[PDB]
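Next up: a single chain in C-alpha cells, the form deposited in one PDB entry.
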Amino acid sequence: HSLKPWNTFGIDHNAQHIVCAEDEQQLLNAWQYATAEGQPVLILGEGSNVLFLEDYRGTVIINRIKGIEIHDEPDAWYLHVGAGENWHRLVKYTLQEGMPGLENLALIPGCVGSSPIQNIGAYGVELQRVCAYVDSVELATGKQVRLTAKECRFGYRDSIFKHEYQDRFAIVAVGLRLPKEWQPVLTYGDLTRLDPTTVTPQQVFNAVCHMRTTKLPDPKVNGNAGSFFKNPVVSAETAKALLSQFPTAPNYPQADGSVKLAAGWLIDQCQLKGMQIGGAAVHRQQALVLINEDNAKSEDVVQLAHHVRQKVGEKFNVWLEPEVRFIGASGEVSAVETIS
C-alpha cells in the first residue's frame, strides 16, 4: 500500500495496488486488470518527478522493463533501451563501452522510459538531441507504437507524452542515437573551462557530476524531485522591465525574442533559501529545489511551493510553474492550480 519507496520525494501516501512490470505483457495485464476494476493507473519509472498529493485510488505500475540492444550504423550507435533501465547507469554504461554522447545528462535520476516525457536536459543537452524514437504500447488497445523524435514534439521540459499521448500510452523502450564522431557540448557553466580537443567524455562526465553533486540533493539523504519549478520564459518586454531594476538576473534570451529567467535565482533573491514549511524546505545549495527535510507531508510541499511561487510573483511579477507532476487521488492534477 505505501508509495513512499516509489517516489524520491519520500512522500508517504498509499495506493490501492503497486505492481512492478518486468515486461510489457505484465504492464499491459496490470493496466487491463486495474481499469477493468474501474481503477485509475499510474506508470512510474523512479517516481523522481512526481508529488503524490494524497492516497491514490488506483494501481501504480512500476516500469521495470529492462534490456539494452546496440545496433551499429556506419555513422552512429543506435541503442534500444528498455523503459525500466536506470538512466544514470545507462550513461555510465554507454561511456564505459566507448559510446559517448550522454555525458551531459549524467546523474539525472529516473528511468530511461521517463526521459522523453519531460525531455530531460542539463548542461547544454536535452534528450531531443540524442533521441531517435520512443516505443510505447497503447494501453487500451495493446498496439505497440513508435514515435520518431520529431513526432515526440520535444520542448523545454515538454513532449507529446505530457499531452496527447498521456495515459493512452506506456513508454516501453527508448531509442537513442549516439554519433560515432563524438563532439563535446561545453557551453554550460564550468564546462566552458574545458578544451574541446583535449577533453574526454569522462572528463565532461566528472565536470557535470561535480556541479550536480555540489548543488543538488541526493534523494537518499533528503527526498526531492529536483527543480521544483521550470525556469520561466517572459516576454522580451517583461525581461526589459525586470533586468533594468535587477541587472544581474541570469537570463537566457530565446529564439522568438522572449527570455528565460533562472527560477532558482528569483527564489534565492527572495531570501527563500532554507525556508521551511512543515517537513519541507527550500534547498540551500539550489533554491529551485524543494526537499523533504524532515518527514514532509505532501501538504507541506504544496504550501511551500505556494509560498515560493507567491513571493517570487510579488517581487518580480514572474509566476513560477511547477515542473513536478502532482498526482491527485484519481490521477495527475494541475500543479499551478494546486499551488495557487
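Just so we're on the same page, rigid core means the largest C-alpha set that superposes within 1.5 Å between forms. Note that residue numbering follows the sequence shown and begins at 1.
Note on 265 to 273 vs 183 to 191: mean CA B-factor is higher in 183 to 191.
As listed in the deposited structure, the average C-alpha B-factor of 72 to 80 and of 96 to 104 is greater for 72 to 80. Comparing C-alpha B-factors across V91, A225, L139, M211 in the deposited entry, the largest value falls on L139. The entry assigns its greatest Cα B factor, within the set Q245, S114, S159, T148, to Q245. Residue-level temperature factors show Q144 in the highest third of its chain, judged at the C-alpha atom.
The entry lists a Cα temperature factor for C152 that places it in the middle third of the chain's modelled residues. Among the modelled residues of its chain, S340 has a C-alpha B-factor that falls in the highest third according to the deposited record.
In the deposited entry, the Cα temperature factor of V19 sits in the top third of values across the chain's modelled residues. When all modelled residues of the chain are sorted by CA temperature factor, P201 is found within the lowest third.
What comes next is about the form deposited in another entry, which does not appear here.
Just one residue from the list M99, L107, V259, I160 crosses the 2 Å line for C-alpha shift between the shown form and the other one on a rigid core fit, and it is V259. Shown in the overlay between the shown form and the other one, fitted on the rigid core, is a CA shift at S235 of 2 Å or greater.
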